[PDB]
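Worksheet for the structure shown next.
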Amino acid sequence: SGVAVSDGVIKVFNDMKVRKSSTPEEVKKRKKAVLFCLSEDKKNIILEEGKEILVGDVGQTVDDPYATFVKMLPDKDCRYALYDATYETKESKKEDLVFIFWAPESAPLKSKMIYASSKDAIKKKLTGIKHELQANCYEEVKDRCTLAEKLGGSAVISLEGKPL
Amino acid sequence: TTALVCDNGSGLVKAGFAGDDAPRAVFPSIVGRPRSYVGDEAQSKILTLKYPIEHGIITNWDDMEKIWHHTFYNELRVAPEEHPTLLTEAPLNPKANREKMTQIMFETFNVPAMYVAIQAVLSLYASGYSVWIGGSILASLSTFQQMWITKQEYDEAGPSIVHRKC
Amino acid sequence: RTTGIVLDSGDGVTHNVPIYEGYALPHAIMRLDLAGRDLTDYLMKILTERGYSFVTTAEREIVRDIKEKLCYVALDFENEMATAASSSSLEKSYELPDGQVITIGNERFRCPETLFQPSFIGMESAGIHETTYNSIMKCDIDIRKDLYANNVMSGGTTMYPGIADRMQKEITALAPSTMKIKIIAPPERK
Amino acid sequence: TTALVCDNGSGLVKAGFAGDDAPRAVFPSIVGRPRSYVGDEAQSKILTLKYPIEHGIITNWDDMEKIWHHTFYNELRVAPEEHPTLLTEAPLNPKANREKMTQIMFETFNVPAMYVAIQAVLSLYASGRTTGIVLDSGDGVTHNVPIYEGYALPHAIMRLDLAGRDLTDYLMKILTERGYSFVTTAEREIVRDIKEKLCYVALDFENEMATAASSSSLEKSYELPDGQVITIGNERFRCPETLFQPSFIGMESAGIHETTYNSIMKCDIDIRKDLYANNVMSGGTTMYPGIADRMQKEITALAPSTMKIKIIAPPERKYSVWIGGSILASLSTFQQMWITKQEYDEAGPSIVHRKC
Amino acid sequence: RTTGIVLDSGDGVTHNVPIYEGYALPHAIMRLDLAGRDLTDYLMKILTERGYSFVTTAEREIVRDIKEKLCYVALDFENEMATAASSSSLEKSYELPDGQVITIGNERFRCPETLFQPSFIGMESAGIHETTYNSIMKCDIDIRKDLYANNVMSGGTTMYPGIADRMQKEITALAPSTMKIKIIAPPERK
Amino acid sequence: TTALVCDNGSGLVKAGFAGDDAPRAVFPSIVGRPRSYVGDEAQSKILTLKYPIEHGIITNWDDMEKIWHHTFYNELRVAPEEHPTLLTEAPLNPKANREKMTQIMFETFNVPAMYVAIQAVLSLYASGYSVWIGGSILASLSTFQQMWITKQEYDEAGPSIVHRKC
């Protein structure tokens, strides 16, 4: 295991999971999808301010929240993710968050072992999360059908405001 | 502004905001100790599942308030202090269950207002998840917005305001 | 509407309360502990006779989905059994998550019959078609004319194909002939 | 400061320092005695070879102390009492053995801090995965360990006595059919080198044998240490074929392609989908070129047609179990997770069960 | 006799059916797939930790005879483990057909414990001491007094030395104190 | 005169005459094809053993009737045409299994009479191999000798007499 989580990531998770009554001007800077990284010393899980996605921009500059999110993951390193999905089922309309464990084969072993052995140190601190998505290849995470297959299986008819 | 409607059923917990068609949060209402885990994480995982609600009465209270805290924070990611909550129950229900419901909602979460309706009456409203549909179509009504029991009304009345109001 | 008895049957409890033009009758509130979970348990118990053992809780959800998307209630039990006995015209296959396929026969309409014949899982309670009639017969004699023609159904257990027709037939079999029976079956009663 | 990683292999003990790319000390696990030379010395010398780790479980504890003493002094060339040593154990290991290992390590060498990890979870983490069945085909045994989010299911762990040792024995048996008589322990090393350098798993055994019986381009040429050049024909694919057809050796147990399917079908029904597409191979025996394609073909023949089978084979799967432990022990945040001698003095040998 | 629940556990299946004064209760028939074959498999799996590998079917019969004539059920698991941990006072040797001798320790009472703790072979089912209590609790409330004092055991798996005492102790641990528990252990129950 | 009682269990086949204490024929119920052999010869001998009976239902019928012919001829050295046979089964059993049992016993062996009892009821009889003890103590009873289904009763009824009789 080893690596633990910092206070900023826990604060961001508590901010994203539990939303409250907010003003229409502030509600547009909420966090939609944020990744997690390691510092220089590889001892804390820190979010990078560079790569991120806001809730405000979704549907505007970012035509597709998921489509613009696949290319945001670096293919030469291991990364965490937290995607807020809005999928439509035959039964009803749900809005859940997804934990994506990005781990390509092109990354070095030093970045794969650290992120694989410390996954229980981050997932345990993220209380209330259900949808877990472990993705190693890039083609499997690039496809749109896999998210509906993991979320609800064949029941999900539409994903992110558009049908499958 | 919006109101929460929480159909705390015996097998499923349909929880969602008001004014929408479908409940966003649906999961079995069981807690599992390692032989806690609530809902879908319990369904996926070595546990000993058990239902806190029998035939309508809530048998155990710690796991019930745990499920409430779960569906409020880890499932909807909202605080109860802002939006009023709407609870449902079956008729011919022991008054102790409703009293404990009101006490838990007003003391642990400190909601601004709430109400305890009947599942069948709401399922009839939906006729023009039926209970949740009726609760959601009921919470948007303007005439109903006046009969929520509020904390300021609850202080002097104690946990007995629910019988005289609802 | 405000008038009519409600047949609410979810996953753990089935209860009926007749409600008139705003005043409900609490003395006629019937409660039956037979619901979808008991139906799933009965389906698991009767599916072992075909060679498919479901013991664990995780598996039981597969049986739950099988009951949700492959089970129906017959118009009558006897003739549907006669059709089940003769030919496989009734059997239908299912795609399991593991890859295997199963062939269920009379179990498609035998496990939903428990709603009307509780003697399958061992309960002594009258089926959902008799508890409603007994509660209406316990109600007032002037509101029976309005309660007979208004049987509002709700819950996920009332989503079987053909449960409305059987409920109708059973109630007009129990109720007098001159009275007309109506079973409101809304498409969003889940 | 630096941590040691002594992998208790069934036929090769891998030892080195944390942070390196590969183990430094690699020697066969044998304790020679005349009718006590341990490890590499036994092969050079009239002795009866003994294996204390023959089948993945330490059945001869008396020689394990000598094995570890040799590994620490004559192989790693470092003092054990001044460097923490991480150890790996085979799956389905009893609690008594897990306690005896740490008790010996703490009482004989007096190492300040140690840690015991499972080979299966380490090999799975070394492939960038946390959920998936790993194929640990070593020198003495072949284990099929299905793991779920880093927790191996002990009830579905299949153990197979077919491994590289039986493959070397079958190669020695089939090489005498041409005229090459390798009977002694010295020629056994040459047979092992031939198996490592010239053997390969065929995609279709029956079809490959048809071409090998007619074509002459498949025959290779090996150079003996004494200068002789021996030619090997259809024995290149017949030797590793035993892993899929154990009738060649004589055991009734199914091949490594069917034990995997039998172990996957023993776990939960909802996690079988993540096990078919996460089959990881490890051990030195899985280093044959073309074994992943044969495994995928056999599983797709066995598994249902609807679900897909993805077989990933890293090029460093031979020492992946050691590389994983080395990277885990070289962590800058792992120095507080070791089992120091004080905690051992407080809690007895049972501390390893709570800590690990 | 005609009254009492039956604990029938053979080589492949363990099932319990409570039977009153001639009328049995089919709705309380419990079935457990844990039996002697599973115990033999668990013994084979746990005997490899001592250095004895039994892989083939022919050998497995030797393990079956070893379990038949060397295995017993403990009064309680914890104290017997404490005695197993300390000293060899518990170990006993066996004469193999090939001539070798083996020394089994805690395996004499660990593999029969699977009957009460199915989590060893991986099953999620409640042990044989809990399925009987759950079936009696599913039975009628007036026949429980007669079913508690009549637990008829049968089959070859119920022939371990001390299984009757542990079954008793477990049932009076589960059943109320005022009720008296009796475990009929006939000498020809095989 | 004497009656045969055959406890065709899932793991063992206890077969013997009526009126005696112990079953004379006991062997595992498996058939082995060379990689047939039934019972102890299969246990001694390169085969691929498999059980024709799953959890009570008979999966394969050819090997089941083969085991029946074996335990009748090569183990007891008696013909089924003379002594009536008694079969056992578990409750909540598919009717197809009992129908095929009756059809095989009446068509292939042509028994004068037979009966399909319940294993647990017989094991209770033994209380005053328990299933076999109860079957053997049951077959000697005079009152039971009248309710055997006979071939003359079986002809017009077909293989459906067993459900209405037993």
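Order as written gives the chain letters A, B, C, D, E and F; numbering starts at 1 within each chain.
Quick note on the criterion: a residue touches a chain if its C-beta (ideal position, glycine included) is under 8 Å from a C-beta of that chain, and two chains touch if they have at least 3 such contacts.
Per UniProt, the chains are A = Cofilin-1; D = Actin, alpha skeletal muscle.
Chain E has its Cα centroid nearest to the centroid of all protein Cα atoms in the structure. More C-beta pairs touch across one of A-D and D-E than the other; that pair is A-D. Chain B and chain C have Cα centroids separated by 26 Å. Chain C and chain D, compared by their mean Cα positions, are separated by 58 Å.
Centre to centre, using the average C-alpha position, chain C and chain E are separated by 40 Å. Chain centres here are Cα means. That of chain A falls 42 Å from that of chain C.
Across the assembly, chain E contributes residues 26, 31, 33, 57 that each touch 2 or more other chains. The set of chain A residues touching two or more other chains comprises 91. Chain D contributes residues 125-131, 149-150, 274, 312, 314, 323-324, 327-328, 331-334, 337 to its touches with chain A in the complex. Note for the complex: chain C touches chain D at residues 56, 58-59, 62, 95-100. Within the complex, the chain C residues that touch chain E are 48, 53, 55-57, 121-122. Taken together, the chain B residues at the contact with chain C in this complex read 9-12, 43, 49, 51, 53, 55-56, 90-92, 119-121, 123-124, 126-127, 129-131, 133.
Considering their complex, residues 268-270, 272-273, 303-307 of chain D touch chain C.
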